[PDB]
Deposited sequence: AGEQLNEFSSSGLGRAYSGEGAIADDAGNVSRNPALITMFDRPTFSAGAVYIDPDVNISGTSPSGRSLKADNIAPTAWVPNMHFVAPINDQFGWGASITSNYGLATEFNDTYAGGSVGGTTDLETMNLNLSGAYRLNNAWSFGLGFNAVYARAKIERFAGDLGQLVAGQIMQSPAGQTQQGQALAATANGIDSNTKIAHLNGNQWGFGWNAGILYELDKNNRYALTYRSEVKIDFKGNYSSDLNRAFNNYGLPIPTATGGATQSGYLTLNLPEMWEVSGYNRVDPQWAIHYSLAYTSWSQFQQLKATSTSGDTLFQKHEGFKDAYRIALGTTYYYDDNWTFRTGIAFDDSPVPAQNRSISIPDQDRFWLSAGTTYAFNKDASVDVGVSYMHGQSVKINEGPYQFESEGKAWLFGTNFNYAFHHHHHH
């Protein structure tokens, strides 16, 4: 939900990210549950990317009379992933990954009437993870990971029609009957809609941790509990070399997430897998801007917001070479209209997914996945404006998998 991204692997994409704490058919899942490291008996690599093509549209009419229509506000994106896992001994293993689990991009024309809450918002994050795991016995494994997150932001806001709203208010007041009041209203109305009123561009690192437990009933059936911590990102605004002769502030808290997962291989050729994930934020979505020495201070309201996601999928292990998968998911995000933001797509999301993997041999394989996401149409009440939003997306991904130390 919200800015969350689940796109850590292309096999996961084909399953609608169902039971991802409990499946370990490739290296990608260690990033989702570090305890899964104990399911690997040789160094294993995976890398790939997911292309996301959203279609998000805003509609409405301002109290000024101006249109709030904005089509196609969410651009396409590529989300890469790379994973490595290796055993150390019978009891221990480690892994590393580069993924993203948070990101946002919307863009409105700079003459948009709702520009004070529209403009541009681009948040990109890269999660570097190092994880370790311990196998206690045949049933129990435990994992712990540490995360370094590199976050880039670009945020711009514009006057839009605010001056027109002010002008109207002045004209409606007793001041509207005076020459001075009329002049003030004209001054307000004269403000260009593309006047920039807030700006942030920045790059910052933050840190967090994650952990996981894995319980195996047997080689065919297992369950997992995982936790991912919040990550706090604090954006803040030679000579040598000549041979002798970042703007804006914002504290952003990435959300914490708990997830339970199950995987049951009910037949040599069939598995089911499912999960419930619970995400909480310590901030609301809307932004307030002030300034200090001409630099923008952005602030989100400190408040508790949550969401949950349920997912169910199945994997058909057809033969030695071919695996097929499908899944369905629902991500429920119950944000009140008055707490939503046009700059941040947020709505209930329904997933339908399908995928396949082709294994060239026991060491090497390729995954291809596709998902369709249907977004709920929602009302948004932000600042002086009322909007409606509609959204959907297609996602396409491919990964290559390779396990080292071929021998026989």
property	result
Deposited-sequence stretches lacking C-alpha coordinates, listed in sequence order	238-244, 253-262, 426-427
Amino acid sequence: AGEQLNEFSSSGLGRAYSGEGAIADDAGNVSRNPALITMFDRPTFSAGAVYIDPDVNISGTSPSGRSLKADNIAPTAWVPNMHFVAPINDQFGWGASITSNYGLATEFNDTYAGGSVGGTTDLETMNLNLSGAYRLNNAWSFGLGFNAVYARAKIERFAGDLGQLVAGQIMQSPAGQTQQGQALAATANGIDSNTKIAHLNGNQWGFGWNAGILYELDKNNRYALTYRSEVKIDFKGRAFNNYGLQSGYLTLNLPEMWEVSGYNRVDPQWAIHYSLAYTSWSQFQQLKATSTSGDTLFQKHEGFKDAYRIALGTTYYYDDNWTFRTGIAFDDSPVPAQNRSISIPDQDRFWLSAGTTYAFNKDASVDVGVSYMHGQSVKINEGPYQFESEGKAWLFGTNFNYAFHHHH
From here on, numbers count along this sequence of modelled residues.
{"item": "167-175 or 148-156, whichever carries the higher mean Cα B-factor", "value": "167-175"}
{"item": "Which of 296-304 and 213-221 has higher mean CA B factor, as the PDB entry lists it", "value": "296-304"}
{"item": "Selection by C-alpha B-factor (highest) of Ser261, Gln204, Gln180, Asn101", "value": "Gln180"}
{"item": "Deposited CA B-factor, highest of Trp94, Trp78, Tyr278, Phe240", "value": "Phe240"}
{"item": "Chain-wide C-alpha B factor ranking for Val378, given as lowest, middle or highest third", "value": "highest"}
{"item": "Third of the chain, ranked by Cα B-factor, where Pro336 sits", "value": "highest"}
{"item": "For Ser62, the third of its chain into which the C-alpha B factor falls", "value": "middle"}
{"item": "Assigned third (lowest, middle, highest) for the C-alpha B factor of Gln347", "value": "highest"}
{"item": "Chain thirds of CA B-factor: placement of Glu124", "value": "lowest"}
